[PDB]
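Single-letter residue listing:
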Amino acid sequence: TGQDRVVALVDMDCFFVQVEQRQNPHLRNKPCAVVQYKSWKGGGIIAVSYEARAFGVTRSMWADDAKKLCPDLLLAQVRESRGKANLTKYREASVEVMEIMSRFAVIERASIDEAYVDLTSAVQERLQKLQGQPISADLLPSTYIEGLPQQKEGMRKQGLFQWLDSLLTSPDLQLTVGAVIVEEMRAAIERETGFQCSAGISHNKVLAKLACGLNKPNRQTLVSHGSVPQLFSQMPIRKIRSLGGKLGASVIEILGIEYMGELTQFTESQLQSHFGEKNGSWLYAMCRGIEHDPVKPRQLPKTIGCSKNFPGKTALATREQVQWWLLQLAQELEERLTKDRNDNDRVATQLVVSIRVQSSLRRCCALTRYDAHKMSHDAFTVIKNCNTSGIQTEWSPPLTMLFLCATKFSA
DNA sequence: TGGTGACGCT
DNA sequence: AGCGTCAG
Ligand SMILES: Nc1ccn([C@H]2C[C@H](O)[C@@H](COP(=O)(O)OP(=O)(O)OP(=O)(O)O)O2)c(=O)n1
Ligand SMILES: [Ca+2]
Ligand SMILES: [Ca+2]
């Protein structure tokens, strides 16, 4: 009944902002946001601290409008390195966090600021030793128990007490051990980086990711098999990982529902007929809290790319500047690629050029030398047929986006 | 009116 | 190989 594994999702709280605040102490505990390119409307916001989220500041929001919402909003700038954003600060901080996380159990790099962790073996290893010694509530100073109890911190402690009181090879005891380990993990992350995070502990990846978002920030939530019916009864379908797009929308359309629990009243063959073999099976299992997607041992990315958008009147309409932006992208890609070669002992072998006209086109070619000029020229070569232009020195129709991606990595 | 990444389907 | 989807 999907209680074999113990899986945690650790995601950092307002991560880019925590990075900038670790760099600039004037920004700590203040309503502030991280911005991209001041010129257009003060810059698009990409990261909002919680003190600023209280005012209503959101991602994908021009900084100038956010200042209308919150006048006291402080802004920290993303580094700009070749006429384009440079995110190496946050990638290095991410690696900082991922290594600490790797010190406890096998992790799956899920994004720049979160990882899944498979804690089965560590829970067993701690359960064999420590003997029958109980679980002090002092071992979980930030854990919530979803559905308990049946002063926000008073609520928290009452639920934790109800859980610990009502407690061999029991899945709930496993979850408790893993939650203690995650408390440890997170205290280590905070002591060694200054960064704060939330976490979800459960039996699979999706339940862990939902639990991590139940109690943000700087808190962790345990979700047991038993909390699942109650939790899913009012859980909007779109909050589940991969049900936030078109598939999750049509599930609601066809089945005429609203929450996860209502998927239980359907047979597995029904949902397979509705959404496919692999999707019907997965939904039938998911609505009952069961998922088998494993925690893959992969801390390192599989692709390395740079894109630049050229919206509106700024799209590229000369070959003289398509050349130049391809060269800029190849430059940053090459710096990152040499760092990857010397840090991770592996080489990219295939280059992917992606372009858009007013990712409408993607081609691939050979990646043989970590050379910016070679790669820019080969990417150009690979895209020329697209230039409908009859005039030799213009480019029509203009390009809205350029994308360069090194992939197919060999040791 | 941004800049990335994993994965599925054919 | 190229496109479509999903999300941090
Ligand atoms: N559309 C997005 C989503 C994320 N990010 C970057 C900046 C974020 O700091 C980081 C991770 O984003 P999350 O969605 O995980 O959320 P935050 O880390 O900002 O905070 P929280 O998880 O507390 O909401 O990735 C981004 O630039 N654009
Ligand atoms: Ca986060
Ligand atoms: Ca996240």
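Residues numbered from 1 in each chain as written, not as in the entry; some residues may be left out. Chains lettered and ligands numbered in written order. Heavy atoms only, no water. Residues with missing side-chain atoms left out of burial classes, pairs and counts.

What the entry reports as its method is X-ray crystallography, with 2.87 Å given for the resolution.

> What's the story with the protein's contact with DNA strand B in this structure? I'm lost.
Near DNA strand B, the surroundings consist of 23 residues, among which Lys84, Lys302, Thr303, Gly305 and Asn309 are the closest. When the atoms of DNA strand B within 4 Å of the protein are sorted by group, sugar and phosphate make up 90%. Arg298 is positioned such that a nitrogen or oxygen atom in its side chain is 3.1 Å from a phosphate oxygen of DNA strand B. Measuring from a phosphate oxygen of DNA strand B, one finds a backbone N or O atom of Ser307 at 3.2 Å. For the surface near DNA strand B, the element with the highest residue contribution is strand β13 (residues 304-309), accounting for six residues. Among the residues making up the surface near DNA strand B, the classes are represented as 10 nonpolar, six polar and seven charged. (Near = heavy atom within 4 Å. Polar contact = N/O pair within 3.5 Å; in protein donor to acceptor, adjacent residues only side chain to side chain. Helix = DSSP H or I, 4+ residues; strand = E, 2+ residues; numbered from the N terminus. Nonpolar A, V, L, I, M, F, W, Y, C, P; charged D, E, K, R; others polar.)

> Sorry, what's going on with the coordination of the calcium ion (ligand 3) here?
Ideal geometry at a metal centre gives angles of 109.5 degrees when four donors are arranged tetrahedrally and 90 or 180 degrees when six donors are arranged octahedrally. Donor atoms from the polypeptide that bind the calcium ion (ligand 3) are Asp11 (OD), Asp113 (OD) and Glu114 (OE), placed at 2.2 to 3.1 Å. Along the chain, the residues that donate to the calcium ion (ligand 3) are spaced as D-x101-D-E. Between the two metal centres, the calcium ion (ligand 3) and the calcium ion (ligand 2), the spacing is 3.5 Å, with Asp11 acting as a shared donor. You can see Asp11 sitting in strand β1 (residues 7-12) and its partner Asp113 sitting in the loop between β8 (106-109) and β9 (114-118), a full 102 residues away along the chain. Side by side, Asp11 and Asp113 carry an identical accessibility label, which is buried. (Donors = N, O, S within 2.8 Å, 3.2 Å for Na, K, Ca; no water. Buried < 20%, exposed > 50% of the residue type's maximum accessible area, 1.4 Å probe, protein only.)

> Sorry if this is basic, but what is going on with the domain arrangement of chain A here?
Accessible area lost upon the coming together of the parts serves often as the stated size of an interface. The domains assigned to chain A are domain 1 (7-14 + 89-228), domain 2 (15-88) and domain 3 (304-410). Inter-centroid distance (C-alpha atoms) of domain 1 to domain 2 is 29 Å. Taken together, the contacts link 18 residues of domain 1 with 18 residues of domain 2. Interface area lost by domain 1 to domain 2 is led by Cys14, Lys89 and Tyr90, which between them contribute 53%. Across the salt bridge formed by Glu96 and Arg22, the nearest N and O atoms sit 2.8 Å from each other. Top contributing element to the side of domain 1 that touches domain 2 by residue count: helix α4 (residues 88-102), with seven residues. Looking at the side of domain 1 that touches domain 2 residue by residue, the class counts come to seven nonpolar, four polar and seven charged. (Domains from an automatic or database assignment. Contact = heavy atoms within 4.5 Å. Buried area = accessible area lost by both parts, 1.4 Å probe. Salt bridge = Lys/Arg side-chain N within 4 Å of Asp/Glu carboxyl O.)

> Sorry, what's going on with the pattern of salt bridges here?
If you walk through the whole model with that rule in mind, you get 19 salt bridges. Residue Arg156 pairs with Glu153 through a salt bridge whose shortest N-O separation is 2.7 Å. Here the residue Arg156 and the residue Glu153 both occupy positions in helix α6 (residues 152-165), the gap between them amounting to three residues, near one helical turn. By relative accessible area, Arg156 is classed as buried at 4%. When its relative accessible area of 33% is taken as the criterion, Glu153 is described as partly exposed. One continuous salt-bridge network, built from bridges that share partners, spans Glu108, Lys205, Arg241, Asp293 and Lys296.

> Which parts of the structure should I look at to understand the sheet that holds strand β11 (residues 197-202)?
Picture the strands of a sheet paired through backbone hydrogen bonds; they go either parallel or antiparallel. Taking strand neighbours across the sheet as the criterion, the six strands line up as β8-β9-β1-β11-β12-β10 in an open arrangement whose pairing is mixed. Whereas interior strands pair on both sides, the edge strands pair on one side only; in this sheet they are β8 and β10 (143-145). The mean angle between the axes of side-by-side strands here comes to 20°, regardless of whether they run parallel or antiparallel. Judged from the four bridges that link them, β8 and β9 form a sheet pairing that is antiparallel. When the bridges of β9 are listed, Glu108 appears paired with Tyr116. In the packing of α6 onto the sheet, contacts are made with β10 and β12 (220-222), and the angle to β10 comes to roughly 65°. Along the sheet, helix α7 (residues 171-193) contacts β1, β9, β10, β11 and β12; its crossing angle with β11, the most-contacted strand, is approximately 165°. (Pairing = 2+ DSSP bridges. Axes fitted to C-alpha atoms, helices over the stretch in contact; angles between N-to-C directions.)

> Which parts of the structure should I look at to understand the side chain of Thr400?
Relative to the elements of secondary structure, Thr400 occurs in strand β17 (residues 394-410). A distance of 3.5 Å separates the side chain of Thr400 from the backbone nitrogen of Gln358, its partner in a polar contact.

> I would appreciate a short explanation of the protein's contact with DNA strand C in the present structure.
Around DNA strand C sit 16 residues in total, of which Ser111, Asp113, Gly244, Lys246 and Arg362 are the nearest. A share of 88% is what sugar and phosphate atoms reach among the atoms of DNA strand C within 4 Å of the protein. Between DNA strand C and the protein, one listed contact pairs a phosphate oxygen with a backbone N or O atom of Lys246 at 2.8 Å. At 2.8 Å from a phosphate oxygen of DNA strand C is found a main-chain nitrogen or oxygen belonging to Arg362. Looking at the surface near DNA strand C, the elements with two or more residues in it are α10 (246-255) and β16 (361-366).

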